[PDB]
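# A closer look at the structure
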There are 4 protein chains.
Amino acid sequence: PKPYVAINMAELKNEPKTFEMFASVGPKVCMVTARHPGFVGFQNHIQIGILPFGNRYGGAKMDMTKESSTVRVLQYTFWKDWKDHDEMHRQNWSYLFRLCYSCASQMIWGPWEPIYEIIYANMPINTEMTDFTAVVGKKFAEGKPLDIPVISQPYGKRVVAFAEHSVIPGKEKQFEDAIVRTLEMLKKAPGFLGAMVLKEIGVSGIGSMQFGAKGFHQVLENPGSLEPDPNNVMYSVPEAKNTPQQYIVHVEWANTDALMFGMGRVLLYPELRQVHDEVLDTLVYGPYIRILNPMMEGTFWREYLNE
Amino acid sequence: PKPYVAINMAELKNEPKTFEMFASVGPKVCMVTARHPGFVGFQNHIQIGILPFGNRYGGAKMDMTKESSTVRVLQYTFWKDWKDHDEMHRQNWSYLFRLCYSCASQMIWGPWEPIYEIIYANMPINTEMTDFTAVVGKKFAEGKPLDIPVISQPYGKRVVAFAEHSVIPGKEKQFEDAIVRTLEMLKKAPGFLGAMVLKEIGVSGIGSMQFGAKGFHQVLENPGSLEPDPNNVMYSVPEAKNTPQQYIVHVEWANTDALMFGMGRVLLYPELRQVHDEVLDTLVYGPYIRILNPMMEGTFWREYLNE
Amino acid sequence: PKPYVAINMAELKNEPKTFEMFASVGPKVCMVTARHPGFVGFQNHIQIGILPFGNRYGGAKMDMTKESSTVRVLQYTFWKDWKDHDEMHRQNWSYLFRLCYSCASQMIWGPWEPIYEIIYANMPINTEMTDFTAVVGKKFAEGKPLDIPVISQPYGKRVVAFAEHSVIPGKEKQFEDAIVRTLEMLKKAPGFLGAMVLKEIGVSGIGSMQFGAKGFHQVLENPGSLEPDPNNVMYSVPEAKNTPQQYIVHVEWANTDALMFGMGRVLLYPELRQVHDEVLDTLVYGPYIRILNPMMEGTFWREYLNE
Amino acid sequence: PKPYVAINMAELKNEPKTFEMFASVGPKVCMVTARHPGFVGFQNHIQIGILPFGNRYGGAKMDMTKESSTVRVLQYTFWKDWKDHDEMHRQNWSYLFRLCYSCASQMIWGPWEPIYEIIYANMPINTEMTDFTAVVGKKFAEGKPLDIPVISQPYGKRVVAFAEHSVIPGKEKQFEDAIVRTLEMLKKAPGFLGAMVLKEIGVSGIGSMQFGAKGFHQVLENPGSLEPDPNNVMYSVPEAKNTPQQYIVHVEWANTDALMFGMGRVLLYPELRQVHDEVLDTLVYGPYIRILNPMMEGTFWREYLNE
């Protein structure tokens, strides 16, 4: 079935000490998250650049990692029920806060953790280039050759277009109808590895370290080994849902050239351009497209999706 | 059928002179071992690193070869009957001892050669990326598309997780049942290339250069061209079998990221975590996971296995 | 059908001026040879090294190109009838000699051009990695999935084991029966891309620049634009056939590791070792194994072979 | 009386950050261990090299510290009753685990903590070179000049031979009788500073961080300030005792030359060689001899020993 998605977002100094902390603390956080039975997997991204749209963002490029002073992370965790996310946080708070707070020394902004419903998904399981022979054989043995997926390689061997949209109040249904029509045509582009549309349902205060006064002081005063009062989060997840309504159109690609010209198909192919124009007419903000590297991931979230 | 496995282990100086001796002496040892009709192949590994488990082994990393002062080798030889191994040694002792003793100038520890029974195997034949078209065509022609394996590339083009376990006396059956259930679920991970469980049945004294007093003096005094008395081995293979019972869980992977997150599936995927927890409850020691490169190998041992 | 094979052999200085001549003069010679309707293609090799057999040739390695002062070329041309080769030479003598003689300034030894019959061939068509999808589709459409070949990549993207043998007079039939049995078992090795057995039938004097006295003086005195008398060759092709009988066992491999351990299968796999021992018992000379790179080739010779 | 001995073993990166942690964290652990009234002292070693036995371990030497990428520590703690060790761990677990876990970033292997009974001891109190005048005066005043010991200098000013042995099941009594006879003769060697024989009785799971599944996850997930459940150790100390039986023959020496030739006395002095041959005939593994530097120690354990 479709899981819910929490996306933990932060910006950190782009230096080796940051990536060293990713290597030791990241897996620990993941292991704690997997204590909860509603956890179905994760997909952790680093932003490598920004789509320039010609020269609309003429200072951007798809790979800015060599010059950027910061690194933005977008850590997806997938949940059977959206309420499972904060339940896991509270049940494991002493571990999670002390782990996550160890990020602080490298932090410039965040964490900020919106929660999403998946309103459209066309996403395959991941496979390595070594796997496809057995995958093909099994599907033919089962009489389902149409169920043979593209090869979507895990662990940093593909790229993600992370397309931000906010929609004019009252145009949400028009946006959702047109973006699904768009993505159903976009899947013809070479190197297309899947797409999904995430619709914000709220924000996790506890995952965003957003407490009332008491917890704010405990965070600021913390030596690192004392957790803030998790009951001092003053708002529930849906209370923070934004209007204008926010969406992420998440599209995965074999490589950044396939991404650039594949996403460009909605501008370059007249038939698809007419459909995507219906998306554009509904927007307050966007499309703004971040280029992401899915580095660390628990690929079994796609098995839950496609079961 | 399932062969038995001898694993010759040693630690040597990590310098070019060591690897030059590997290139000239290694193939000779292998050719001598092939003189016995019970020899069904070999798979020789160099350890490239250690799985850090987050920062549990924080001084380790998966590839330590550029900084390590030593190199550990793990030379698997496969046998129709475990008794064939020491019979081969005795029949070819003049060649074997003089070849193996030429390693001495580079040796820091070893050799130590435990013998194992294979209690579980899910291991495919090796194939190069050039082979898969013919493999696929043949399996479909024979009506067995389910028999199409993953592409497990030979000669250093995949990586091995070598997971050491020792088990609480009386918990061997519980360990074996639980590890098989674990590996039957682990095979879903991307880039999984096979697994087997090795159960120690003893140690080859002759392969470990472990003699009584007479042979010990002959080894220490040796100019290089005189063999110690092979009848001065004081114990049989089963007499040296360890209690607590020792096992190796040997898992092969497309690459080190697939290894890291694939082996990590037993920690990150709740359903598999519950099963693997049954393994962990039985342990005296482990899991300790060495990262191995299978460089020189006689791939036909998997043909014997899968016939 | 099986073509005949002429192999033009020479040794030249290993310097850029030599390879510049290969790139400009090589194609011209090939185009002149294609003027004859019995020409069915070509496969031109540079020797990159020598198989060391452990340390039997301890000064050799599989890639010696960085240190070697010379480069050996082995240019195969394939012919419907062996007599076509020398006919082509004489019919196109003014072009061929002047092109071939332009190599002189780089020459150390040669040319020497033995002619061979193919007594065994298991050689596929070449295909690039882009081709296999269409090959598979066509073979299944034709109901012949067993005819799907391995991917044998052209133009320097595979390697050749060139194994020289000479056979004790009277043991030719034993050699031929045993080598075919050996190669039929060898094809199981990973990365095996095909094999054929070449049996010398003679030597082309004209292709070897081996004339009587008159033509020898014309060669030595030549300014470069005058051909020697092509009718001054003093022996026919079969008159120069060697006793002890000479053979080439030509085996192609995905890469040099697959070659090393694949060819080693006749030493490392007891069942195959016993068969190959029958080959070894017949030899005056060999096996001596050169490692070749098939760089420039007319791949359609395998289409003639396999029709 | 004879105390019991726990030996905490680990391997860490050989870099200054490791030794800085030894200097600051090491004393803290010792002070915590001294909270238990059964603690009678400690002797903490770094391995500086390996005895090469001629060129049997030809890649080793007695001082490898300048080239080695790792450092092995062997931390002896001495206990009135062997049960006192784990009792101390459990009673002080909050401090001990959080101190020991700070080793994490430097760790490659371990910790592994076998427990031993001392079956033979000929070990003097330590004295500095300033002390011997008063020691001599007191023993003569008491009429016991035979009780004047050698000068065994504390704090890194002597060296230890750490000789690993494992014994064929059923030969333990022969080993123990022969090694005592050997050490009673070995004490004649110049620079001999004492010897003891340690017989393994089991392994401390809590000291080895070997828990059931629950504690394993707590270790891996730890931010650094939360201890695993010390009650989740699944085996008692004797349940992990090895068969083949393991022993340490621990011999102390004025310097590494006295060590090399003194230990060599069992090979070079015919009368002693005959006795030591009876030891060698009982072995599954060994002798393997590590060269240790006893840097940090609580010398009063020898006062308990010799009272």
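So, how was this worked out
- Residues numbered from 1 in each chain as written, not as in the entry; some residues may be left out.
- Chains lettered and ligands numbered in written order.
- Part of a larger assembly, values for the part shown.
- Heavy atoms only, no water.
- Helix = DSSP H or I, 4+ residues; strand = E, 2+ residues; numbered from the N terminus.
- Rg over C-alpha atoms; globule rule 2.2 N^0.38 Å.
- Buried < 20%, exposed > 50% of the residue type's maximum accessible area, 1.4 Å probe, protein only.
- Areas by Shrake-Rupley, 256 points an atom, 1.4 Å probe, with all protein chains shown as cover.
- Pairing = 2+ DSSP bridges.
- Patch = residues over 30% accessible without salt bridge, like charges linked within 9 Å, V, L, I, M, F, W, Y side chains within 5 Å.
- Salt bridge = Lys/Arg side-chain N within 4 Å of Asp/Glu carboxyl O.
- Contact = heavy atoms within 4.5 Å.
- Buried area = accessible area lost by both parts, 1.4 Å probe.
- Polar contact = N/O pair within 3.5 Å; in protein donor to acceptor, adjacent residues only side chain to side chain.
- Least-squares fit on C-alpha atoms.
- Core = buried A, V, L, I, M, F, W, Y, C linked by side-chain atoms within 4.5 Å.
- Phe/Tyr/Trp six-rings, centres within 6.5 Å; stacked < 30°, edge-to-face > 60°.
- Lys NZ or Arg CZ within 6 Å of the ring centre and 35° of its normal.
- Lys, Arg positive; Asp, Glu negative; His and termini not counted.

- The deposited coordinates, according to the entry record, derive from X-ray crystallography at 1.87 Å resolution.

### So, the overall build of chain A
- When you go through chain A residue by residue, the secondary structure sums to ten helices and nine strands.
- For 307 residues, the compact-globule estimate of 2.2 N^0.38 gives 19 Å, and chain A sits close to it at 20 Å.
- Counting only C-alpha atoms, chain A reaches 55 × 45 × 40 Å along its principal axes.
- Taken across its 307 residues, chain A has 55% of its residues classed as buried.
- As presented, chain A carries roughly 13000 Å² of accessible surface, and 55% of it is formed by carbon and sulfur atoms.

### With respect to the pairing of strand 2 (residues 39–50) of chain D
Residue and element names in this part refer to chain D.
- The buried fraction of strand 2 amounts to twelve of the twelve residues, a majority that puts the element mostly inside the structure.
- Here seven bridges tie strand 2 to strand 3 (residues 70–79), and the two strands are oriented antiparallel to one another. Within the sheet, the bridge partner assigned to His45 lies in strand 3 and is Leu74.
- Across eight bridges, strand 2 lies against strand 9 (residues 283–298) in antiparallel orientation. Within the sheet, the bridge partner assigned to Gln47 lies in strand 9 and is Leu292.

### Observations regarding a nonpolar patch on the surface
All names here are of chain A.
- There is a patch of nonpolar side chains on the surface, built from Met260, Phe261, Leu267 and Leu268 and spanning about 400 Å² of accessible area.
- Broken down by secondary-structure element, the contributors of at least two residues to the nonpolar patch are helix 7 (256–263) and helix 8 (265–268).
- Along the polypeptide, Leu268 turns up in helix 8.

### Notes on the pairing of strand 9 of chain D
All names here are of chain D.
- Counting buried positions along strand 9 gives 14 out of 16 residues, so the element sits mostly inside the fold.
- Alignment of strand 6 (residues 159–167) against strand 9, held across seven bridges, turns out to be antiparallel. Looking across to strand 9, one finds that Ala163 is bridged to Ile289.

### Remarks on the interface of chain D and chain B
- The partner chain B presents 55 residues to the 55 residues of chain D that form the contact.
- Buried surface at the junction of chain D and chain B, summed over both partners, amounts to about 4600 Å²; 54% is from carbon and sulfur atoms.
- Across the chain D-chain B interface, the total number found is two salt bridges.
- A salt bridge links D:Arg273 to B:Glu221; its shortest N-O distance comes to 2.9 Å.
- On the surface where chain D and chain B come into contact, there are 31 residue pairs in polar contact.

### Regarding the relation of the copies chain C and chain B
- For the pair chain C and chain B, the relating rotation is 90°, the translation along its axis is 0.1 Å, and the fit reaches an RMSD of 0.1 Å. With respect to symmetry, the two chain copies, as superposed, fit the operation of a four-fold axis.
- Mapped onto chain B, only 7% of the interface residues of chain C again fall at the interface, so the copies present different surfaces.

### Some points on the relation of the copies chain D and chain B
- The operation relating chain D to chain B is a screw motion whose rotation component is 180°, with 0.0 Å of axial translation and a residual RMSD of 0.1 Å. Look at the turn and shift together and you get a two-fold axis relating the two.
- The fraction of interface residues of chain D whose copies in chain B are also interface residues reaches 100%, indicating that both copies meet through the same surface.

### Remarks on the arrangement of the chains
- Among four pairs of chains with at least one contact, chains B and D form the most extensive contact set.
- Separated without contact, chain A and chain C have their nearest C-alpha atoms at a distance of 13 Å.
- Taking C-alpha atoms only, the smallest gap left between chain C and chain D, which are not in contact, amounts to 22 Å.

### Re the nonpolar core
- Core analysis: the biggest nonpolar cluster contains 101 residues, and B:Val251, B:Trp253 and D:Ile7 have the highest contact counts within it.
- Looking at this core, the element that brings in the most residues is helix 7 (residues 256–268) of chain B, giving seven residues.
- Counting 77 residues, the second largest nonpolar core, distinct from the first, contains B:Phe216, D:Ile46, D:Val71 and D:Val159.

### Some details on the interface of chain C and chain B
- Between chain C and chain B, the contact holds 28 residues from the first and 33 residues from the second.
- Of the roughly 2400 Å² buried between chain C and chain B on both sides combined, carbon and sulfur atoms contribute 68%.
- Among the residues chain C hides against chain B, the three largest losses belong to C:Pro190, C:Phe261 and C:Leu268. Together they make up 25% of the total.
- If you look at where chain C meets chain B, you find one salt bridge.
- Here C:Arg265 ties to B:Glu303 by a salt bridge, and the two come within 2.9 Å at their closest N and O atoms.
- Mapped by element, the contributors of at least two residues to the side of chain C that touches chain B are helix 4 (132–141), strand 7 (192–203), helix 7 (256–263), helix 8 (265–268) and helix 9 (270–280) of chain C.

### Some remarks on the packing of aromatic side chains
- A complete count under the given rule lists 61 aromatic pairs over all chains for this structure.
- Pairing A:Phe140 with B:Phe140 gives two aromatic rings, centres 5.5 Å apart and planes at 90°, and the pair type is edge-to-face. Taken together, the residues span two chains, with A:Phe140 in helix 4 (residues 132–141) and B:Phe140 in helix 4 (residues 132–141).
- Across the ring face of A:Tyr95, the terminal group of A:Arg35 is positioned such that the distance to the ring centre comes to 4.2 Å.

### Some remarks on unusual backbone geometry
- Cis geometry is found at the peptide bond from A:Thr243 to A:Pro244, where omega equals 0°.
- Checked against the element boundaries, A:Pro244 lands in the loop between helix 6 (213–220) and strand 8 (245–253).
- D:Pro111 follows D:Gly110 through a cis peptide bond whose omega is 0°.
- Examined against the element boundaries, D:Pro111 turns out to sit in strand 4 (residues 107–112).
- The backbone phi angle of D:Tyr155 is positive, close to 65°, even though this residue is not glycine.

### Thoughts on the side chain of A:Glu113
Residues and elements named next belong to chain A.
- Relative to the helices and strands, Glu113 resides in the loop between strand 4 (107–112) and strand 5 (114–122).
- Buried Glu113, no salt bridge; nearest opposite-charge side chain is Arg90, N-O distance 9.8 Å.
- Among the polar contacts made by the side chain of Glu113, one reaches the side chain of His85 at a distance of 2.8 Å.
- Those residues within four positions of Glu113 in sequence are excluded, and the remaining contacts are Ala6, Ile7, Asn8, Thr77, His85, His89, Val203, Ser204, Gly207 and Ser208.

### Quick word on the pattern of salt bridges
All names here are of chain A.
- One pass over the full model with this rule turns up 64 salt bridges over all chains.
- Ionic pairing is found between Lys199 and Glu176, a salt bridge with its closest N-O pair at 2.8 Å. On the criterion of sequence distance, the pair formed by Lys199 in strand 7 (residues 192–203) and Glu176 in helix 5 (residues 172–186) is long-range, its members being 23 residues apart.
- The class for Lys199 is buried, based on a relative accessible area of 13%.

### Notes on the environment of B:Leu268
- A relative accessible area of 8% means that B:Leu268 is categorised as buried.
- Linking B:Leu268 and B:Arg158, residues 110 residues apart in sequence, is a C-alpha distance of 23 Å.
- Setting aside anything within four residues of it in sequence, one finds B:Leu268 in contact with A:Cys30, A:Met31, A:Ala34, A:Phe39, A:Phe42 and A:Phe300.

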